[PDB]
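Counting in the authors' numbering, the sequence shown runs from 21 upward without gaps.
Beta carbons: idealized from backbone N, C-alpha and C, even for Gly.
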Amino acid sequence: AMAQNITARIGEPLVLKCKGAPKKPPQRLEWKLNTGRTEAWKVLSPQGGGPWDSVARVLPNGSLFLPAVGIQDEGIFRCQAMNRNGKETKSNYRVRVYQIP
């Protein structure tokens with residue numbers, strides 16, 4: 021149980037790198053985040069996109085960029101992976117916007 025303290029501004033673009041994929045070819049990957057209501061949690065795939073794809077995309081280097089991080093983006097983000105044996109990456113980042121409700 022942990023989390024990194026990161027300050028952000030509402031409507032301001034933010035970029036972060038979420039490594040994890042070993043040296044082997046592009047393996048599976050799953051996106052998960054814990055929040056009060058949770059409305060950003062989306063399923064990321066190496067071949068396909070969803071709704072969150074329009075809200076935020078992943079760079080070829082395994083990064084993450086958001087056009088404008090708002091209150092909905094608040095909360096804590098977490099990365100995870102799925103290998104043949106079931107290997108997952110543990111990491112939680114705490115993100116908060118300037119003006120809050």
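With distance defined between alpha-carbon atoms, name the residue in the options nearest to residue i.
i	options	result
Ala101	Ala28, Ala41, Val35 and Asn25	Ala41
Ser83	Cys99, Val89, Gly69 and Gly68	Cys99
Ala88	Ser74, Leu79 and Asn81	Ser74
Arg57	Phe85, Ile91 and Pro80	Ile91
Leaving out five residues on either side along the sequence, give the residues of the same chain with a beta carbon under 7 Å from the beta carbon of residue i.
i	result
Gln119	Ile30
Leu53	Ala60, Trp61, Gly95, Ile96, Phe97 and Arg98
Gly70	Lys62 and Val63
For residue i, count neighbouring Cβ atoms within 10 angstroms of its own Cβ and tell me buried if that reaches 16, exposed if not.
i	result
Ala76	buried
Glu94	buried
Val115	buried
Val35	exposed
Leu64	buried
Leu79	exposed
What are the start and end residues of the alpha helix (DSSP H) that includes residue i?
i	result
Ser74	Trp72 to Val75
Go to residue i, then tell me how far its beta strand (DSSP E) extends in each direction, as first and last residue.
i	result
residue 19	With the chain running from 21 to 121 in the structure shown, residue 19 is simply not present.
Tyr113	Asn112 to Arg116
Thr27	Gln24 to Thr27
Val35	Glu32 to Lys37
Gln100	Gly95 to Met102
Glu50	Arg48 to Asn54
Within its chain, find whatever has a CB closer than 6 Å to the CB of residue i; leave out the 5 residues flanking it on each side and keep chain order.
i	result
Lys37	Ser83
Sorted by chain position, which residues of the same chain lie with C-beta nearer than 8 Å to residue i's C-beta, five sequence neighbours on each side aside?
i	result
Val117	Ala28, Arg29, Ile30, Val89, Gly90, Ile91, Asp93 and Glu94
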